[PDB]
Amino acid sequence: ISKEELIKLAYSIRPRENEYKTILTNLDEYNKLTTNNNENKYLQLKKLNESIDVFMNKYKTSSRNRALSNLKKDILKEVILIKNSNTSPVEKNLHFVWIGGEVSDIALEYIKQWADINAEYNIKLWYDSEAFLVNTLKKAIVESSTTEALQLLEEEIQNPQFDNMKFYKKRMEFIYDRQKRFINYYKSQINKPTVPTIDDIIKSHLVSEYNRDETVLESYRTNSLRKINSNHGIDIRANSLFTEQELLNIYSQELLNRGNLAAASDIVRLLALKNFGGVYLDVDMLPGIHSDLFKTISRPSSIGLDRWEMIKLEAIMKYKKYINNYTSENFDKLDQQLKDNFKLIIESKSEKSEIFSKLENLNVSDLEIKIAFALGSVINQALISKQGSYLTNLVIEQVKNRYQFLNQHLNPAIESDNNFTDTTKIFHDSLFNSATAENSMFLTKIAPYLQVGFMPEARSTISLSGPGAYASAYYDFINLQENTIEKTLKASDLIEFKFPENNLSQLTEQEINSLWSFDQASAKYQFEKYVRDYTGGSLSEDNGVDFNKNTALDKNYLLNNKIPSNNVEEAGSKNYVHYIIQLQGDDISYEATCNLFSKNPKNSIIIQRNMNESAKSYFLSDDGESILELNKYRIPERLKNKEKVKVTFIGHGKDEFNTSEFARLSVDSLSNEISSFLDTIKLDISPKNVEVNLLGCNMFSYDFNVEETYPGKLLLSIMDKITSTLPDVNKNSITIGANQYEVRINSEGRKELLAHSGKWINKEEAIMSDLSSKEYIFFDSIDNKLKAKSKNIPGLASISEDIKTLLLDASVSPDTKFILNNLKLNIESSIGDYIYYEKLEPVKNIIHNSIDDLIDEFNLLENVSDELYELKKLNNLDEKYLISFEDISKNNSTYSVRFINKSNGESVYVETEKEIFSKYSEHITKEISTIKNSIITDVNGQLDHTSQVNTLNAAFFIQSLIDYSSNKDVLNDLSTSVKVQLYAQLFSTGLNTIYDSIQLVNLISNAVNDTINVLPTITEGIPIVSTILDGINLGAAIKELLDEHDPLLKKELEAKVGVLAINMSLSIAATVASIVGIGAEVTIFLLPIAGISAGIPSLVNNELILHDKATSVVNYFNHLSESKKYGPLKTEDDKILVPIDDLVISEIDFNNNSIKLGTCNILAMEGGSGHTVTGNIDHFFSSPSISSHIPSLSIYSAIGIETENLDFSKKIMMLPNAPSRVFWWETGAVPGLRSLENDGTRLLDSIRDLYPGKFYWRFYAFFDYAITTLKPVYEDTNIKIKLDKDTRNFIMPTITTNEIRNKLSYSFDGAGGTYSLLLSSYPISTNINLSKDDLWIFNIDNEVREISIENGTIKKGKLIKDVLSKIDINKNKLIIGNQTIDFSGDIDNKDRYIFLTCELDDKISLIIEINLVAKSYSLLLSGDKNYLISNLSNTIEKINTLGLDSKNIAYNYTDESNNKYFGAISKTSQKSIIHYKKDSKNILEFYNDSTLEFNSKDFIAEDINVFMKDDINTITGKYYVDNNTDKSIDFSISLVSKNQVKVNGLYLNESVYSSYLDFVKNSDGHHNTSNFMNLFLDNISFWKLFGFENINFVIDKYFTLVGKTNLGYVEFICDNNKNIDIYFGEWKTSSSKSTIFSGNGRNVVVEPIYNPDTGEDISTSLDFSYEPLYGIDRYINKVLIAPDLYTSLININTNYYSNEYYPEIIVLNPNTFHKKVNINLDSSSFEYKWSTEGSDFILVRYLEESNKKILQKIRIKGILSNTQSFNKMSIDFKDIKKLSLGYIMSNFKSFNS
Ligand SMILES: [Zn+2]
C-alpha cells in the first residue's frame, strides 16, 4: 500500500530506469483507485507484482531490488487482505456426486444426515442419467479380462514364486484391447444423425460381445434413475454444467474411455461450484460434532488422536443408530467407565438436532475456495466456493492444462491402433522427449495413466483431477502467478483456506476404508482370491512348510558359510546392537536368522525364542573364529556401549489384508512379549533410540492410516512401556519397520530372495519392490500422531540405479522390464515428493559442531530482520522508530516491544506474539556484554580493547551489523538498532535504563554519526601485543606511539601511558648540546653581589643611608666616575660584560649597539651670599640645599656619558642592578680634606661647574663644611632589553637589600636567537617577549641549591629538597621557587619548548623540557656515558631530592669530535638503554644500575625505536633477512639478560610470510614442541642482526605473529600453553572477503564484500579457492560460504592441489529475488558423487593426483526443504553446464553417509 513512500525508499545512482517507471505507474494505479469489489483489486497488484519481476530480472544488480523485494513481501500481504475482506455468507447448496450406476443404500443414509440437520440447505445430488451402466461395464471388462489372464497363465500361477504383477500386466493388456472395442463400437454409433444415449450404446455392446440381456440391464437403469431422482437427484446433462466443450471432452474421456468414475466425479465437482453455490462433500462424510458434547471427557494415552475422533462417532451410532450396521468395533473394548459416560451425555440431549453442528452461514470471499485438509496436505473430500469463484476457476484452469498436456502426448500414441504394451511405450517416449526441469515429476506421475484403476501403485488421478491440481491452483493465487505445475506449499499459507474444523468430521467408517490405496500389498491378497476362485486350492503363504522342527545353530555352518560367503555390507554407522529373534520353528525363519546375522556378525546376536526354555543368545565372541553362547537373552561387553538398539522379530504372518496376527501373536500379545524381553536387556545397555523390525510374509508398511493397522497399533503399546524401561530414549525416537522378505547377494552379484520354497531365488521385481516399500514409523515430535520417517534418499536412488542397469541389458523379460520401469518411476516420484511435501528436517548432529553455530547466526539475523520489518509495517512505524531489544517485556499472553522515537526521544510500545524478538534480545545483549566485558580495566578510560580468546566471535557479528549501518544509509533499521544499543552500553547505562527524551535523541544521534570498531583489523608493521600493565596495554600504546606523528600529541600520549620513547633526531641532539654548554660556562665563574663597589645601603629609621662620611661619598663619586670613563660596561676575563655597579641602565639595545640611562639625580641648593673661589676651594656664606622643593640635578649629565657604538661582542652579560633614584643629602662640619684630589672630587666639581649656584659639596663659611651623608630614594624602574638574532647569555645580579631589588624589573625582546638567563638567589621581577619562541634557557643553579655569601661572592651548596616538587606552568607565566617569570608577546607556538638547566654534578647536567602551552615538562640528562652509569644511582637520587615526579628520564649527549649518544632511563628500578652509532654501525647497550646486562657491538636494523616503562623495555624496528630488501621483518623485542632476548611479536611481508608458510608446511616433526617458533628464527637466522651468535630467544605467552598474503593478513597467537594457532585472519578477493577468527572454531566465513556507497551497482558473485588456505590448511576446520540477496553466481576453484587437507565447503541457502543461483565448478562432471543428509544436498569430489588422495566435499544447506529452494540451484562443471539438482540425482552415482 506504499504510495509515495516506495520512491526515494529505493534509490540508485543511475537515472530512473524505464521499467522502474512502469512499476511506479502500476504501484500508483493500484492506490489511485481502490473501488470495490475484490477481483479487480487482485488483478491489479498482479500487474504490479509482474512489473517488479520484469525489472528485478532485467537489472539484477540494481540497488532498487532490496526494496522492491520488500514490496513483493507486502504485495503478498495484500492478496490476503483482499481475500479476507468481503465476508459474505456462501450460497445454500450441498453438492454430492454418484455417477456410473446405482447409489448404494449406505451413501443415501450418510446424505440423509445433512438434510435433516441442515434443513436450510437443499442437497442437489448429481448424476449422469445417460450413463448408468458405465460401472456395470467396467466390471464386465475387468471380470472377463481377469479370467482371460488367468487362463493365459494357468500353468504359471501354480508356482509360488509367481509375481502377481505379471498377472496384472497381462490382464491390463486384455483390459485395454477390450476397452478399444467399446470405444470403437461407440465411435460407430455417434456420427449417425440419430443420437443414442451413452448407456443405451453400452446396453447394446454388453448383450452382443458379452453374456448380457437388455431386459435386465434396462431394469438396472430404471431403478437407478428413479432411486437417484427421488433422493434429491439432479441431472448433469439436463443442466448447462458442461457449457465449455473442452471440459465435456475431459469428463467423457474419464467416463467412457477409461473406467474412472472417480476421476469423472472430480470434473463434476468443480463445475457444480462454478455454476452454483459451494458446499461439496463425499458420500463418506458426516456433519461436525459439537465441541461441547465430549468436552468434559479426557483422552487416554493409549489411543491415537485420529482414533479418538472415530470412537466419538461410533459411540453415537451404537444406540442412536442412524446407520443400519455402523461399526463401533474399536470402541467396544475394555473401558466400561467411559463407555457408560458417553451414553448419558448423548441421551441427555434433544434427538438429532443438537447432536451435530450446523454450517449456518459460511462467509467466504468472491475469490477464495476452501478445501478440507488431511495430514498437512489438501484433499478434495469437502469444498466451499462462491459461484464462479476466482480460485475455483484456477483449479479448472489447472485441470484443463493437465489434460491438455496429457492428451497432447497420449492421443497420438492411442490413435495408432497398437496393443497396450506398445501404446504405452509410445506414450512414455513421447512424454520424456518434451521433458523439462519443471514438469519432470509431473511426467512420471502421469506415465501410468492408462493403468490407473487396473494396476496397483498407479495413481495419476491425483496429478490431473486430484489434490495436485488444487494445491497448484492455490500457489497460483498466493504468489500471483499462473499455471504452476509442482511448486511447494507452506502450511502457514494453507491455514487461511482450511475448512473450518468444527464442521468437517472427516474421519468416518467409510472414509477410513476409502483411503486404502490399491497397492501391491492389497494386490497380494486380491490376486490370491482370483486364484482361489479359479481353482479349488488352499493357502500356501504359511501352509506347507510351517513346522515345529526347532533346529539349533550349527556353529560350523554359521561360521564357515553364512559369515564368510556374505556379500552384503551396510554403509550406515555400526554403533548399534542387533537383536535377531526367531519366533517360529520352521526352516524358513531359521535360514533367515542365519543370513541376517551374516551381514553384520560382529554387531548382531541370535535368539531362537521359538524354544521357550532353551532360549540362549548366540553371538560372535570378542574375537572371531568361534561362536560363544550366553543365556538370559543378554549381550557381550563390547556391545554394551552402543547408542542404538536394533531388534528384528523373524516369523511368518497371517494371510490377511492388514494382518492382526504376526507369528500367532496378536497386537497386545507381542507387546507383552516385547515387555517380557526388554527388561532383560536394560542391564546391559541404555540406548538413545530403538528400531523395531518385523520380517515375514504379509508384513507391509502402508501409506495411509498406519494407526488402526499392525504394526501402527504396536508402536503405541511399546512406546510408553519402553521409554520408562530404557532412559535417555527420546519419547519419540522409536522406529518400527515391517518387511516381508530377506535379501542376499550371490557369488555373481545378483540379489536373491528367501521364499517359503526354502531356496534363494532371483526375483528382481519382488526384491526391488520390497526394499523400497519398507518404511519406519515413529511418534510425532509435537505428540500429534504417528508419522513415517523419510526413506533413505541415496538408498532409493541406489535401487533405481540398479533398475536402470537391469533395463539396460537385453537378457531380461519384457514383462519384468515393464514392471521395473513402473517401479523406477514410482521410486523417482517418491524422492521428488520429499522435496515437494517438505518432509526433510534439518541436520541435528550428535554434537554441537562449531560450524553449526555460525549457520544458526546468519539464519537468526535474516529472521529478525524480516520479522521486524513485518512488525513495524503492521503497527505503522516510520524510519524514526528505533527498536529497543533491551526492552522486550513479556505480558501475560504477548510480548511488548519498545520503539524509541529518534526525533522527540519518546517511546511507544507494541505487542506481538512472535518470540523472535525476545530470543534475539537475549542473544544480542549477551554478545554486547561479551564486548564491554572485554574492554578492561575499570579504573582507566574511550578505547582500550584488551581482546582475548572467544570474545572475537561476538565482536564479528556485531561489527558486521554496525558496518551495515554505514553513515548516511537508510536500511537496515535493525543494523542501527544494535549499533545504538551497543553504543549506549559502552558509554552509558543500559538503553533500557534511559527515559530522558532529550538524552535519548542526543545519544542516538552521536551513536549513528560516530564509528565504533569492536573488531581488530590487522595492519602492517608491529602487531598489537595484549600485555596489560598498570591498567594499560603497553603493546597497544606503543603501536599508537609509532603511528602518531604530531610530536606534541606523541608527547601527550607519553604523559598519559607513562611510557618514554627515545628520540634519535640529530636536531634535538644539537639543541641539547648548545643548551648544556651555556649553563656550564656561566655557572662556574663566581661574581660579586650588588653592590660591593658602590656600597650596600644600611636602613636607619625608615630611610636609606648609602654613606656616612664625606670621604665615603667622594669615594662613591670616584667609583661612579671611574665607571663611565671605562664605559657603561666592563669586560672581565674576556668572557662577560658587567655594567658599572649602581649605574642606572634603563635600556639595553643589542641590535643597534646602544644604551639608555635612567634618572640618577641629586638635590640642588639655592641662594648663596658671597661667592669666591681660591685654589679649587669655594668660599661662601651658607647656601642651603633645598629639603626639598626645588628641581633636581643630573649626576650622570656631568659624567662623560658614552652610549652608542659599544662592543657587544661578548655573549655573556651581567644584568644592571640599579634603579632610578634621587639623592637626598645634607652637609656637616668637616675639617681639613682641603684640595683633596680624586676622580670623584673632579666629578663633584664637574657638577659644581656645570651647575653654577646649584651645587656645592665642599665650602668655607666661617667653618669648613662638606657633604656629610648621602641618602637615596629609589623609584622603581624597568630595564627593557632589545635582542638580536645572535646568541646572548645573561646573569641576574644578586641584590642583597630588598628596597633596591623590589624596584627592579626586566623586559626582554626576542629576535629568533639563543637566549639564556642565569637566575639569581634573590628574585627579581622578569618578563619575556617570545618572538618565534626561540631558544630560552634558564639556569636555576642558584635557586635550587643552598646559597650563602662569602667575602661578597656566591657559593653554591647542597641541593634543597622539594624545591621542584611544586612547579607552576602557564602559557603566560612560569613559577619556579623562588623566581616568577612572566611571559608577554606570547605567540601561542605549540611547537617550541622552554628549557631549565642545573648542574647536578661537575659533568652531569639536568635539563627540563617545558612547553608553556602544554602545561607540562620532561626530564633529560647529559654527560659521559660511563660516568653517568656509575653515578646513576646517586644522580637519580638527586632528581628525587629536588622533587621531580617524572617516571622516566631521557638521556641525550653530544661528545667531542661530534659523536652522539641517545637513550632513556627509568627513575624506578634504574633500568636504562643506550643507543649510538660508532663507525657507521649501530650500537645499543642495556644497563641495570652500574651493571651492563646486555651488549650489541653491531645491531643490523632500521627504524629503530626504544621504549621504557618500569621493568619492561621494548625495541622495535625493521630487519632484512639475509640482507635482502624484499625480505622485510618488523620486530618487537624486550631485553632481559646478557644472553637471552625476549620476542614480543613479529610482522612478515609477502616474501617472508611465504617462507614461513613453506616452513610450516614442513614444520611437523611430527611433534617437537615448544621449540617451533624458536626454530623459525633459526631458519631466518634472526641472531644475525645482533652481534654475537650464541643467543636463545624466548617466545612469550602473548606472542603475536602476523603475515601478509597478497589477499590479506593472518594473525597467529600463542595459546595458553605454548601452542601456535590462528587468532584472526582476513583476506579479500575481487568479489568477496574471507574471515577466520578465534572462537567460532577453526572456520572460514566467506561473505560478499559490502560497498558503503549503496547507489552504485552491487556485485553478484562469490569467489572461493583452496589457494589462500596454503600452509594454514592445518589450522582450518570447514569453510562457510554465506551469500545474500544479490548473489546468483558462486565460483569455486577446486584445482589447487598443493594442500594436504581440504575443508568441507558449506553453502548456505538464503532468500533471494533472483530466479536462479549457480555454483560454477572448474572441475569435470565426473569425479563427483552425490548424497543426502537431511534437508541439505551433498556433492563430493574424489580425485587421485600426485599419488595423493583428494576429497572435496560441498554441502548446500536445506535445499531439499522445499521446491522453491530446490529449483534456485544450478551447477556448472568444466564439461557440462547448467544442471538441475534433480538431473544430478538422476545421472550421478549416489553414496550413503
Ligand atoms: Zn509365511
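Sequence positions for chain A are given in Swiss-Prot numbering; the residues included correspond to 4-944, 951-1802, in order.
Determination method: X-ray crystallography, 3.3 Å.
Including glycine, each Cβ sits where the backbone N, Cα and C put it.
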Mn(2+) site partner of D285, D287 (as recorded in Swiss-Prot), chosen from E504, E512, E514: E514
Residue from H581, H655, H851 that Swiss-Prot also lists as binding Zn(2+) with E544, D545, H759: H655
Per Swiss-Prot, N551, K602, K649, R753, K754, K766, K777, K794 bind 1D-myo-inositol hexakisphosphate; matching candidate in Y533, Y579, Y621: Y579
Listed binding-site residues with Cβ under 6 Å from ligand 1, out of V100, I102, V286, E514, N551: none
Straight-line distance in Å that links Cα of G944 with Cα of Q951 while 6 residues remain unmodelled: 6
Inter-residue Cα distance where the pair is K602 (1D-myo-inositol hexakisphosphate binding site) and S268 (UDP-alpha-D-glucose binding site), in Å: 51
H759 (Zn(2+) binding site) and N551 (1D-myo-inositol hexakisphosphate binding site), Cα-Cα, nearest whole angstrom: 15
Cβ neighbours of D287 (Mn(2+) binding site) where a neighbour is any other Cβ within 10 Å: 19
Binding-site residues compared (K602, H655, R753, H759, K766) - the one with the fewest other Cβ atoms within 10 Å: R753
Least buried by Cβ count (within 10 Å) of the binding-site residues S268, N551: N551
Of the binding-site residues listed as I270, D285, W519, the one whose CA lies nearest the CA of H655 (Zn(2+) binding site): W519
Per DSSP, three-state class assigned to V100 (UDP-alpha-D-glucose binding site): strand
Fewest other Cβ within 10 angstroms of its own Cβ, chosen from the binding-site residues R272, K794: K794
Neighbouring C-beta atoms (10 Å sphere around the C-beta of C700 (active site, nucleophile)): 19
Candidates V100, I270, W519, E544, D545, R753, namely the binding-site residues, that fall within 10 Å of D285 (Mn(2+) binding site) by Cα distance: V100
Minimum Cα separation from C700 (active site, nucleophile), reported as the residue among binding-site residues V100, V286, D287, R753, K766 that achieves it: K766
